[PDB]
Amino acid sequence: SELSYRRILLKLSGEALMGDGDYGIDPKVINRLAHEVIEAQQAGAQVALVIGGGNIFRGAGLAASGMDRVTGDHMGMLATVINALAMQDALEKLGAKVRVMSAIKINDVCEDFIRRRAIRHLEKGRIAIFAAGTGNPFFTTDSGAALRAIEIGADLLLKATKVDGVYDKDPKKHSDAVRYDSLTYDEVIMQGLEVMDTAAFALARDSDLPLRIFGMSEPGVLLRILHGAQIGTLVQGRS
């Protein structure tokens, strides 16, 4: 119809999946998220999802020290597959065709990431769900999210965080805090504002990937954003 962003990639921490739970997934949250996503898709947007695995890579048993750093990242990556698999069902049950694609080979469980396939999947009206990040350890979920966004040539990367947008002085350690309507990559760096870890930000800044930091709490957000509403902060261009 009238979209301001044709192809998008929505990334979330996955702790966000837990909800008020302390672990795993909360059927309530995943149900709303799947619904948000399905509205986006129906509206005409080719949608891609990235979801971290922090809801599963939890506890002293797992996330506590000693654990070989590489081994923990591998585990984390498996966790994001499990999550991707749950979004796949929740969504298909609701009529969408889903294509989970993993940055590491686990062919039994889901297909391999291949840029040319992914694009064709988005073009056919399917939801792309990416898992396992970039495929290497030492890279955050934002990095893989950025990379994937750039590969598929997305119009916008949506990073859903607890705080809705970027603020000057914490929406807590201040009452007067104002939400930047928009920012350039440089304005961010110059003002020491932090959005994604250095590497992930550089990656996004080299391709000038439109970023949007925002909440996700209120239903209909994707629909507003797709239709133009200035929601959260928008990171774009290079001053």
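Note that residue numbering follows the sequence shown and begins at 1.
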property	result
Residue stretch of maximal mean CA temperature factor, 167-175 vs 205-213	167-175
Mean C-alpha temperature factor, higher of 44-52 and 60-68	60-68
Third of the chain's Cα B-factor distribution that residue 10 belongs to, per the entry	lowest
CA B-factor ranking of residue 190, expressed as a third of its chain	highest
Residue 200 by Cα B-factor - lowest, middle or highest third of the modelled chain	lowest
